[PDB]
Amino acid sequence: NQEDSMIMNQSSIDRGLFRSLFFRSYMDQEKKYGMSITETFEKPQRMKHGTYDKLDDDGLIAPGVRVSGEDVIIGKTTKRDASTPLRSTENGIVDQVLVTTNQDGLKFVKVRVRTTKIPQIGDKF
Amino acid sequence: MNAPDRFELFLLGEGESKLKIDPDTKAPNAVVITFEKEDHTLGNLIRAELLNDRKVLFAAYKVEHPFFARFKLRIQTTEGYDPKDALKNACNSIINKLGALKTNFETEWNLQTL
Amino acid sequence: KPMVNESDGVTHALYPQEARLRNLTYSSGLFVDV
Amino acid sequence: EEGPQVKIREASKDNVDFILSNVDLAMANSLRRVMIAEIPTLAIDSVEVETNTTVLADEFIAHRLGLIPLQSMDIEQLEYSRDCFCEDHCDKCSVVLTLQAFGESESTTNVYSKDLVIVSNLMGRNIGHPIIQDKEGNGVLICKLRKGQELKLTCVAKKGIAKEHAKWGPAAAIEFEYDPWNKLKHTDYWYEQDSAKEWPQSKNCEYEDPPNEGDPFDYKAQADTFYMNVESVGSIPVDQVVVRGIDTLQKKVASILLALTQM
Amino acid sequence: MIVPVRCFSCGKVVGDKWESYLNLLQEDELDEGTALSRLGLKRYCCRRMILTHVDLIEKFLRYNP
Amino acid sequence: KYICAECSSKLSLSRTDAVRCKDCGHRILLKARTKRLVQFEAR
Ligand SMILES: [Zn+2]
Ligand SMILES: [Zn+2]
Ligand SMILES: [Zn+2]
């Protein structure tokens, strides 16, 4: 606890003390391109260097699915890829996926990924 | 992240012997036993029941670092008197002390009822 | 009162949460007599 | 009577007071520590969630299920999941629990400790039972459902100690005290006027006789008679909390002999 | 956010005493500290465990799916 | 597959079929858990 840092009771953390929830909200949409040619969400056949497998064939991950590193939480096509990989720095659990359309009618996607943060040696209080 | 899996506080690894005897080169007839996967639960207990050993000279222990569940125990005894035995004579003294507590609590306990 | 005009469907009963999730503007409307 | 003596002051299903006559403090403390952390106990460890539509996230409900107490009287006859030989778990190291919850009532529907049923074989040993000390016999409140929420999960309990995680902590709080009249000078009291008047005499003060001012402090006095009181969350009764505390510390000092003769 | 199963600094179980503590003041209409005291919470870490907690789940289950 | 908020019904259609709700009239649309029983530690 020296120099204005502190000692945390791990027993009390295990019992839940200062356990945080965390959320992230990746977004993407099907872009419209002049001659009505538009993008599309889907598992493709260029590709990103991460694990597409956790995707579905609608280019999405369904909630309640663990995810790590550069996994794909959103597959898209402009073959010609525009898939959205997970934050290279987070290891979460998919929470809730949303699909609606724009004021242009574009297929609009928002993935939410959930993690519980746990008071670690180095955390600020 | 970089946190060790909780169980490494008591579960030994590949080849790690719970105890490791090394000879204190500094002072003769002395040894330093590296207790793996233990703490002041055992550390302070064994040191104290060693101090009572009449033929025992030195008895101390330091938890090298709070991260790593392990402590060194240094023991010195009168000439010839093997310190490894001084640890055995101290250990059984603890267990025999403990065992009597259990039976003295169990009987005292078996009486009262509220 | 704030509505949004989307591609087909025209008058959408636009609410805050609606536009918040759907990523639209909470835009009312301007009309005046010339 | 045989050396380290005892004397029970009070005792109940939760708390248990007792005095330890003629015992080494460095030992008694080491028992307090063992009681806290290193006593075996059961609790949930893996929660497979089939469907959760609650306002509480998955692992948030998970986090607690383990925190919930489970029966553990006859825990010594359930091997550590890691020590057994089965792929994953089984009946000789795990106690499968199921918790199905649908809220029909428009009035909010509570999910409790009672509401979990065991979908494994117990083999006629006390284990896995959600310890319910409740007034209305309902147990620990895990969740709350509305008019159509749902919750389908499956908990696999395992043997464990508070060291791995304090949800296997069979003890609650361990009241520790000795030498109520600071005769041994083990603490230099703090005051701006009077040390005695500013610090209240402890409860365990009538048991040791006061210091008698006109006296010369005897260095030769040592720590003796320790005023304790151990509480049980439930997992193990307050006798075994101290009995297995005494008894699993035994095994510690004894396994030190086990490897002592291997050298 | 719902009753914390087991007190942080004790281990004392306090996840069961919510709707008991709560009804010790709605029904019996007692002093909060005297209710905590009657629910068996001598050590103040437990006292704060219930006293400071706000049961926000109730304001959660107000939405639809 | 997909869902909705205001109606809280199990719409659940397939792909490319007019992103809209069954009766409702607003494009909410969730996604629903995979039947994949996900595991969790009890800490
Ligand atoms: Zn097994
Ligand atoms: Zn407490
Ligand atoms: Zn709908």
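Reference entry: report on the structure contained in this document. (Residues numbered from 1 in each chain as written, not as in the entry; some residues may be left out. Chains lettered and ligands numbered in written order. Part of a larger assembly, values for the part shown. Heavy atoms only, no water. Residues with missing side-chain atoms left out of burial classes, pairs and counts.)

Turning next to the overall build of chain E. Within chain E one finds 4 helices and 0 strands. Along the chain direction, N to C, the helices and strands of chain E fall in the order α-α-α-α. C-alpha atoms of chain E, sized along the principal axes, occupy 40 × 30 × 15 Å. Once local pairs closer than 6 in sequence are excluded, the contacts in chain E between residues at least 24 apart make up 54%. (Helix = DSSP H or I, 4+ residues; strand = E, 2+ residues; numbered from the N terminus. Contact = heavy atoms within 4.5 Å.)

Residue and element names in this part refer to chain E. Summarising the metal site, the zinc ion (ligand 2) is bound by the protein donors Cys7 (SG), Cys10 (SG), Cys45 (SG) and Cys46 (SG), whose distances to it range over 2.3 Å. Taken together, the 4 donor atoms surrounding the zinc ion (ligand 2) define angles of 83 to 123 degrees at the centre, an arrangement classified as irregular. Along the chain, the residues donating to the zinc ion (ligand 2) fall in the pattern C-x2-C-x34-C-C. Here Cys7 is found in the segment before α1 (18–21), whereas its partner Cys46 is found in helix α4 (residues 44–51), with 39 residues between them in sequence. Of the two residues, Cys7 and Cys46, both sit in the buried class. (Donors = N, O, S within 2.8 Å, 3.2 Å for Na, K, Ca; no water. Tetrahedral: all angles 85-135°; square planar, octahedral: opposite > 155°, others 65-115°. Buried < 20%, exposed > 50% of the residue type's maximum accessible area, 1.4 Å probe, protein only.)

Residues and elements named next belong to chain A. Judged by pairing direction, the sheet is antiparallel, and its 3 strands sit side by side in the order β1-β9-β8 without closing on themselves. For this open sheet the edge positions go to β1 (20–29) and β8 (93–101), each flanked by a neighbour on one side alone. The sheet shows a mean angle of 20 degrees between the axes of neighbouring strands, direction not considered. For β1 and strand β9 (residues 107–117), the ladder comprises 10 bridges, and the chain directions are antiparallel. In the strand pairing of β9, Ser25 is matched with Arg112. (Pairing = 2+ DSSP bridges. Axes fitted to C-alpha atoms, helices over the stretch in contact; angles between N-to-C directions.)

Here the focus is the pairing of strand β3 (residues 41–52) of chain D. All names here are of chain D. Summarising burial for β3: 9 of the 12 residues are buried, a large majority. By the bridge criterion, 10 bridges tie β3 to strand β8 (residues 150–160) in an arrangement that is antiparallel. Bridge assignment links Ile44 to a residue of β8, and that residue is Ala157.

Take the nonpolar core next. Ranked by internal contacts, the top residues of the largest apolar core, which has 57 residues, are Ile46, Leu50 and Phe105 of chain B together with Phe18 of chain D. If you tally residues by element for this core, the top one is helix α2 (residues 83–111) of chain B, at 10 residues. If near-sequence neighbours (up to four positions away) are discounted, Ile46 of chain B is found in contact with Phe35, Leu73, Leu87, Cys91 and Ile94 of chain B. Membership of the second largest hydrophobic core comes to 43 residues, among which are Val47, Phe60, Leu67 and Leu99 of chain D. (Core = buried A, V, L, I, M, F, W, Y, C linked by side-chain atoms within 4.5 Å.)

Next up on the list: the interface of chain A and chain D. Facing the 9 residues of chain A at the interface are 7 residues of chain D. Buried area between chain A and chain D, both sides added, is near 750 Å², and the carbon and sulfur share of it is 50%. When the buried area of chain A at its contact with chain D is split by residue, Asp14, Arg15 and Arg114 of chain A rank highest and sum to 60% of it. Connecting chain A to chain D are 2 salt bridges. The shortest N-O distance in the salt bridge between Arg114 of chain A and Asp58 of chain D comes to 2.9 Å. Here chain A and chain D share 4 residue pairs in polar contact between them. Counting residues per element, the ones that place at least two in the side of chain A that touches chain D are α1 (10–14) and β9 of chain A. (Buried area = accessible area lost by both parts, 1.4 Å probe. Salt bridge = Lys/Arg side-chain N within 4 Å of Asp/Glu carboxyl O. Polar contact = N/O pair within 3.5 Å; in protein donor to acceptor, adjacent residues only side chain to side chain.)

Right, let's get into the environment of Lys7 of chain D. Structurally, the position occupied by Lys7 of chain D is in strand β1 (residues 5–11). Given the relative accessible area of 48%, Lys7 of chain D is considered partly exposed. Measuring from C-alpha to C-alpha, the distance between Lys7 of chain D and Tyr227 of chain D comes to 9.9 Å, with 220 residues separating the pair along the chain. When neighbours within four sequence positions are excluded, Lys7 of chain D is seen to be in contact with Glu108 of chain B together with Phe18 and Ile19 of chain D. Polar contacts involving the side chain of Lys7 of chain D include one to the side chain of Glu108 of chain B, which spans 3.1 Å.

Here we take up helix α1 (residues 25–37) of chain D. Taking 1.5 Å of rise per residue, the 13 residues of α1 of chain D would be expected to cover 18 Å, and the 18 Å separating its terminal C-alpha atoms lies within 8% of that figure. Looking only at α1 of chain D, the buried set comprises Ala26, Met27, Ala28, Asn29, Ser30, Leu31, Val34, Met35 and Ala37 of chain D. In the core, the buried residues of α1 of chain D are packed alongside α1 (43–51) and α2 of chain B together with β2 (16–21), β9 (171–175), β10 (226–232) and α4 (238–258) of chain D. (Expected span 1.5 Å × (residues − 1).)

Turning our eyes to something else, we now look at the sheet that holds strand β6 (residues 117–118) of chain D. Residue and element names in this part refer to chain D. One open sheet accounts for 4 strands, arranged β3-β8-β4-β6; its pairing is antiparallel. Looking at which strands have only one partner, the edges of the open sheet turn out to be β3 and β6. For strand β4 (residues 94–102) and β6, the ladder comprises 2 bridges, and the chain directions are antiparallel. Paired with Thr98 across the bridge in β6 is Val117.

Turning our attention to the arrangement of the chains. Among 10 pairs of chains with at least one contact, chains B and D form the most extensive contact set. Nowhere do chain C and chain D come into contact; their C-alpha atoms are at least 18 Å apart. With no contact formed, the shortest span from any C-alpha in chain B to any C-alpha in chain F equals 11 Å.

We now examine the coordination of the zinc ion (ligand 1). Residues and elements named next belong to chain D. Distances from the zinc ion (ligand 1) to its protein donors, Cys84 (SG), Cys86 (SG), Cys90 (SG) and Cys93 (SG), fall within 2.3 Å. Geometry at the zinc ion (ligand 1) is tetrahedral, judged from its 4 donor atoms and the angles of 103 to 117 degrees they form at the metal. Donor residues binding the zinc ion (ligand 1) come from one chain and are separated in sequence as C-x1-C-x3-C-x2-C. According to the relative accessible area criterion, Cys86 is partly exposed, its value standing at 23%.

A few words now on the packing of aromatic side chains. Enumeration according to the criterion identifies 10 aromatic pairs over all chains in this entry. Considering the side-chain rings of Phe18 of chain A and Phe125 of chain A, the 5.1 Å spacing of their centres and the 65 degrees angle between planes classify their relative orientation as edge-to-face. The exposure class assigned to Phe18 of chain A is exposed, which follows from its relative accessible area of 53%. We classify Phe125 of chain A as partly exposed; its relative accessible area is 45%. The residue whose ring lies beneath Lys159 of chain D is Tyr80 of chain D, and the NZ or CZ to ring-centre distance is 5.0 Å. (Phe/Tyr/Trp six-rings, centres within 6.5 Å; stacked < 30°, edge-to-face > 60°. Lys NZ or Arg CZ within 6 Å of the ring centre and 35° of its normal.)

So, about the interface of chain D and chain B. Contacts between the two partners involve 43 residues from chain D, matched on the other side by 40 residues from chain B. For the pair chain D and chain B, the interface holds 5 salt bridges. In this structure, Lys102 of chain B engages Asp247 of chain D in a salt bridge whose closest nitrogen and oxygen atoms are separated by 3.2 Å. There are 13 residue pairs in polar contact connecting chain D and chain B. Elements represented by at least two residues in the side of chain D that touches chain B include exactly β1, β2, α1 and α4 of chain D.

This part is about the pattern of salt bridges. Following the criterion strictly, the structure yields 51 salt bridges over all chains and no others. With a closest N to O distance of 2.8 Å, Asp71 of chain A and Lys54 of chain A form a salt bridge. Here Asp71 of chain A is found in the loop between β4 (40–41) and β5 (72–74), whereas its partner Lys54 of chain A is found in the loop between β4 and β5, with 17 residues between them in sequence. Its salt-bridge partner being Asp17 of chain D, residue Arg9 of chain D comes within 3.4 Å of it at the nearest N-O pair.

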